[PDB]
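One structure below.
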Amino acid sequence: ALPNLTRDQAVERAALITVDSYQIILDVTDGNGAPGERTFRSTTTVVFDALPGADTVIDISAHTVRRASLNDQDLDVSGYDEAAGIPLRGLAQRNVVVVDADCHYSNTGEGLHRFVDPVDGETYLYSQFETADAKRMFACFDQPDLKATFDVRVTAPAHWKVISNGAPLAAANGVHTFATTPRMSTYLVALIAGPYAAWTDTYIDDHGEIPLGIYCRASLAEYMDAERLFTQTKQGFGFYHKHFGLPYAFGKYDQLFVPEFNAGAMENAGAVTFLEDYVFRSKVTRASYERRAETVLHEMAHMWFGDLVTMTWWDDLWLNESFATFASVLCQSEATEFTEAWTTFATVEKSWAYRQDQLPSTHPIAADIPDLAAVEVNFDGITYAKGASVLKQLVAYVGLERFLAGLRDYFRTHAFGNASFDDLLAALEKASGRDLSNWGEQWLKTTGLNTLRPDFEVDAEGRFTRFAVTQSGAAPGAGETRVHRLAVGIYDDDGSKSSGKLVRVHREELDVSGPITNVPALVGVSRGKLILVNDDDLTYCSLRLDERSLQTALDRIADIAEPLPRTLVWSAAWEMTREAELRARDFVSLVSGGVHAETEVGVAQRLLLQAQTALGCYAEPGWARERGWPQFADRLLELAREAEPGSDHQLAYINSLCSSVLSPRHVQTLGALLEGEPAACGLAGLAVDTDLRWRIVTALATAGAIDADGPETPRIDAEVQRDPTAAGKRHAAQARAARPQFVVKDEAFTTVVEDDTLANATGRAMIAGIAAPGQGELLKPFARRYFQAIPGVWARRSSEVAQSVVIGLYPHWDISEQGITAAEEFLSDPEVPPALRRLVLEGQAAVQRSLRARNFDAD
Ligand SMILES: [Mg+2]
Ligand SMILES: [Mg+2]
Ligand SMILES: [Zn+2]
């Protein structure tokens with residue numbers, strides 16, 4: 001097991017050593033010019049200064065350590081254990097350590113991952129090291145405040161491309177060398193190698209030229225849209241260079257779509273890796289292009305927030321992720337075609353922030369992270385989305401100019417170095433010309449949400465006689481009220497002699513503080529028909545509406561002209577549903593009747609997923625099975641049939657039908673789309689392409705309509721013959737596990753929780769099939785099996801890989817007091833490690849929320 005580095009251990013090591021350079025020499029061949037299969041050779045030379053006479057440890061996870069030396073004295077490696085690294089005893093002032101090892105390839109997305117493409121037999125490698133998996137590829141002091149230069153050399157099969165952080169030098173006789181990097185952290189070192197297809201372009205401005213590359217597997221090249229990605233890339237560099245002062249510091253900029261990736265992307269300096277789902281093989285909506293552009297711009301923002309300046313320790317991961325999230329959405333809004341990015345943020349990412357902040361594991365943005373175990377579960381909706389939301393509010397509070405000026409100072413001060421909370425706040429304080437210590441304490445060091453509401457009286461002509469914004473204390477948390485810069489918007493009719501649309505007819509900006517903030521400027525103003533006290537989504541809060549405004553919202557959501565205020569209403573309704581203030585069936589009604597007016601297909605997609613959570617988790621289950629699901633499925637098919645042919649909305653409604661709980665009529669309709677012209681089904685212009693076929697096959701498998709005679713799967717196997725790709729095989733694995741047969745669920749469950757050799761990406765696909773909609777009664781036995789299995793999975797697999805089972809197989813379907821008690825009994829053992837307890841507490845809290853919602857929906 002790799003070492004669980006503690007905050008205290010990291011501080012202790014950084015007080016003793018300062019690293020200059022690494023030289024990393026890799027051989028990823030089999031020693032005969034072909035790709036290696038199990039291990040690769042890694043020979044690392046590190047130069048570092050030390051307090052003379054101290055001891056340290058160099059980290060390394062290897063199959064074999066062949067030799068290790070300190071200042072050319074050979075070390076005894078006969079007792080080598082990856083948990084202990086290699087001890088370095090009696091350090092000199094100036095040191096050279098060499099470690100020559102055979103390291104293991106990964107098939108679980110941590111370390112140097114190896115994949116074989118079934119289409120062409122080609123091998124592809126990529127690295128992934130955040131947080132502390134660099135030690136699986138090279139010996140190092142694996143912590144982010146021990147920066148160093150990197151000089152990488154790789155021996156590879158002759159036909160391969162080889163990409164690292166640095167620009168390539170000409171390769172010779174299998175050997176690829178790279179330009180030495182600037183000083184950076186070990187978790188950012190990259191290796192991507194194999195017969196990847198390439199595209200090239202260049203970004204040019206007054207600062208100079210950045211060579212751009214895009215890479216993907218050869219078998220996916222026909223699907224690449226490199227011009228669109230290069231356009232977005234260049235828009236990003238133009239925006240960041242306009243605002244951040246220091247230009248991009250890491251040379252060239254390669255973007256590599258890699259197989260079996262665990263996350264969405266990773267900001268390795270000069271060598272950003274991506275989930276290869278972003279190479280679209282089939283038709284996707286604008287939602288997918290917009291999310292991919294956000295990801296491109298997020299990784300690029302990290303070239304400043306994480307790569308140029310890095311947090312000292314993982315408690316300040318928000319310095320990377322809150323800022324990268326905020327900056328990427330700002331850049332998307334202002335520099336790209338995705339001009340509604342703040343609308344998408346308010347519906348998609350803020351909903352994630354609220355869910356995370358309300359769990360019993362809620363933690364401040366500036367977190368307390370005692371060890372690696374704690375950070376490996378902290379890449380979450382607070383570190384990302386709440387932090388970005390709170391930074392958006394800081395920009396409202398001090399203004400964008402002072403905010404950006406403070407960041408430009410921060411970058412210049414800490415360039416190629418490390419920063420903590422106190423360093424960031426010092427820079428923003430200097431630039432803002434005011435004390436932000438109280439602001440930081442109440443916003444960055446707290447948990448929870450403040451509820452914001454209008455409180456007013458009106459005269460007989462509907463004009464305010466008094467208006468305030470009321471603010472609840474933070475919950476869950478320490479109950480404080482905060483300072484907010486926010487806007488009050490009043491919405492009313494735009495029509496000539498007509499209702500027409502609800503448009504903004506009055507706006508007031510104000511400084512809100514404490515429980516009640518009077519708004520004198522609204523005395524004598526018409527109350528209109530809908531009041532929003534977080535207009536333009538400037539602050540992080542729980543928004544609620546006065547009675548009349550809420551009735552207007554529930555009746556006229558489709559009349560709100562502008563996407564952002566319409567999203568503020570969708571979000572308030574969804575949050576009221578989560579909070580047992582709006583019945584599940586009323587939220588489903590609202591979406592079913594209003595989504596035709598939601599022009600932003602990304603927002604519409606999220607509303608349909610919410611409606612599906614409402615039906616599957618929040619609604620009285622008898623009503624959901626007998627009425628709610630079949631009505632929602634019928635509405636999706638009506639919506640699809642009324643949509644424009646070939647449109648994004650047409651596809652979204654059919655995608656949602658494929659993930660719903662189906663009646664026999666819906667099963668017939670979807671099966672007909674596999675065999676026939678879609679026009680015959682009233683769906684002219686719908687492309688029943690490779691991935692929509694798989695979504696339909698998975699729906700038919702889930703419904704018991706195909707391969708229902710026994711565990712054999714001739715129909716799904718025929719679909720793999722049609723699409724015999726790594727993607728088709730993972731979709732097939734999902735579809736086979738989705739079938740409502742106990743023996744199929746049991747075989748899949750046992751495979752994924754037992755077989756440590758199974759690729760994590762395949763496991764995940766099987767888990768998505770196990771936990772299929774509508775199957776909660778069938779899956780009840782797997783609740784106890786889950787609680788009995790997860791300690792072993794957590795002990796055998798890394799946190800990130802174990803999470804596939806711990807998060808993905810939590811029994812969210814067992815919505816009962818017995819299900820709550822099952823988690824309580826697991827949690828009653830005080831020796832369960834804190835990160836595993838956290839994930840079970842979160843699962844238990846989601847089921848508790850579902851029970852409270854079902855009681856509200858029934859009554
Ligand atoms: Mg071939
Ligand atoms: Mg990781
Ligand atoms: Zn990030």
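Here, A, B, ... name the chains of the structure tokens in the order displayed, residue numbers run from 1 inside each chain, and ligands are numbered from 1 in the same displayed order.
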
Subject >> Distance query residue 494 (chain A) at most 12 Å, only C-alpha atoms, self and fewer than 5 positions along chain excluded, as a count of residues only >> reply: 12

**OP:** Can you pull out every residue within 7 Å of residue 388 (chain A), counting only C-alpha atoms, but drop anything in the same chain fewer than 4 positions away, and send it as a PyMOL selection string?
**Re:** chain A and resi 322-323+325-326+384+392

Store the residues picked out above, limited to C-alpha atoms, as a CSV table (one decimal), in the first residue's frame.
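Okay, out-v6.csv is ready:
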chain,number,residue,atom,x,y,z
A,322,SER,CA,-12.1,27.1,-6.8
A,323,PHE,CA,-10.1,29.6,-8.9
A,325,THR,CA,-13.6,26.7,-11.8
A,326,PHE,CA,-14.4,30.4,-11.4
A,384,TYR,CA,-14.9,23.2,-6.9
A,392,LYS,CA,-17.9,35.1,-8.0

Original post:
How many Å separate CA of residue 91 (chain A) from CA of residue 181 (chain A)?
Top reply: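 CA of residue 181 (chain A) lies 26.2 Å from CA of residue 91 (chain A).
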
May I have the residues within 8 Å of ligand 3, computed using only C-alpha atoms and all ligand atoms, as a PDB file with N, CA and C atoms, in the first residue's frame?
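Saved as selection37.pdb:
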ATOM      1  N   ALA A 265     -10.551  15.694 -16.747  1.00  0.00           N
ATOM      2  CA  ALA A 265      -9.283  16.166 -17.352  1.00  0.00           C
ATOM      3  C   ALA A 265      -8.286  16.342 -16.217  1.00  0.00           C
ATOM      4  N   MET A 266      -7.032  16.518 -16.547  1.00  0.00           N
ATOM      5  CA  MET A 266      -5.978  16.765 -15.578  1.00  0.00           C
ATOM      6  C   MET A 266      -4.959  17.740 -16.150  1.00  0.00           C
ATOM      7  N   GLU A 267      -4.578  18.720 -15.349  1.00  0.00           N
ATOM      8  CA  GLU A 267      -3.803  19.885 -15.810  1.00  0.00           C
ATOM      9  C   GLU A 267      -2.301  19.618 -15.795  1.00  0.00           C
ATOM     10  N   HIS A 298     -10.900  25.262 -17.952  1.00  0.00           N
ATOM     11  CA  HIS A 298     -10.563  24.930 -16.547  1.00  0.00           C
ATOM     12  C   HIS A 298      -9.117  24.465 -16.442  1.00  0.00           C
ATOM     13  N   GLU A 299      -8.765  23.490 -17.269  1.00  0.00           N
ATOM     14  CA  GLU A 299      -7.375  22.997 -17.273  1.00  0.00           C
ATOM     15  C   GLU A 299      -6.407  24.113 -17.626  1.00  0.00           C
ATOM     16  N   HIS A 302      -5.701  26.379 -14.711  1.00  0.00           N
ATOM     17  CA  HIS A 302      -4.735  25.735 -13.811  1.00  0.00           C
ATOM     18  C   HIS A 302      -3.300  25.993 -14.217  1.00  0.00           C
ATOM     19  N   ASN A 320      -6.253  25.964  -6.110  1.00  0.00           N
ATOM     20  CA  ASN A 320      -6.256  25.429  -7.492  1.00  0.00           C
ATOM     21  C   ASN A 320      -7.678  25.378  -8.030  1.00  0.00           C
ATOM     22  N   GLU A 321      -8.585  24.703  -7.312  1.00  0.00           N
ATOM     23  CA  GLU A 321      -9.834  24.236  -7.949  1.00  0.00           C
ATOM     24  C   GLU A 321     -10.952  25.281  -7.876  1.00  0.00           C
ATOM     25  N   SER A 322     -11.047  26.091  -6.829  1.00  0.00           N
ATOM     26  CA  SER A 322     -12.118  27.102  -6.775  1.00  0.00           C
ATOM     27  C   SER A 322     -11.810  28.147  -7.849  1.00  0.00           C
ATOM     28  N   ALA A 324      -9.753  27.818 -10.555  1.00  0.00           N
ATOM     29  CA  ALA A 324      -9.820  27.286 -11.939  1.00  0.00           C
ATOM     30  C   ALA A 324     -11.271  27.229 -12.402  1.00  0.00           C
ATOM     31  N   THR A 325     -12.188  26.808 -11.529  1.00  0.00           N
ATOM     32  CA  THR A 325     -13.619  26.718 -11.840  1.00  0.00           C
ATOM     33  C   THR A 325     -14.157  28.113 -12.138  1.00  0.00           C
ATOM     34  N   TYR A 384     -14.692  22.662  -5.518  1.00  0.00           N
ATOM     35  CA  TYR A 384     -14.936  23.169  -6.900  1.00  0.00           C
ATOM     36  C   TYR A 384     -16.030  24.241  -6.897  1.00  0.00           C
TER      37      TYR A 384
END

Subject >> Of the listed residues A:30, A:133, A:492, A:435, that which approaches ligand 2 most closely, counting only C-alpha atoms and all ligand atoms >> reply: A:133

I'd like the neighbourhood of residue 592 (chain A) as a PDB file with N, CA and C atoms, in the first residue's frame, where a residue qualifies if any of its atoms comes within 8 Å (using only C-alpha atoms), though same-chain residues fewer than 6 positions away should be ignored.
ATOM      1  N   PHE A 632     -44.430  10.614 -17.100  1.00  0.00           N
ATOM      2  CA  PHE A 632     -43.221  11.350 -17.467  1.00  0.00           C
ATOM      3  C   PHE A 632     -42.658  10.769 -18.779  1.00  0.00           C
ATOM      4  N   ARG A 635     -44.778  11.963 -21.563  1.00  0.00           N
ATOM      5  CA  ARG A 635     -44.509  13.374 -21.867  1.00  0.00           C
ATOM      6  C   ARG A 635     -43.194  13.513 -22.634  1.00  0.00           C
ATOM      7  N   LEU A 636     -42.167  12.752 -22.261  1.00  0.00           N
ATOM      8  CA  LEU A 636     -40.892  12.847 -22.978  1.00  0.00           C
ATOM      9  C   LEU A 636     -41.090  12.492 -24.452  1.00  0.00           C
TER      10      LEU A 636
END

Original post:
So how far away is CA of residue 82 (chain A) from CA of residue 788 (chain A), in Å?
Top reply: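 Distance reported for this atom pair: 27.9 Å.
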
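Proximity of A:386, A:176, A:159, A:785 to ligand 1, computed with only C-alpha atoms and all ligand atoms, is greatest for A:159.
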
Original post:
Would you name the residues within 9 Å of ligand 1, counting only C-alpha atoms and all ligand atoms, and put them as a PyMOL selection string?
Top reply: chain A and resi 119-122
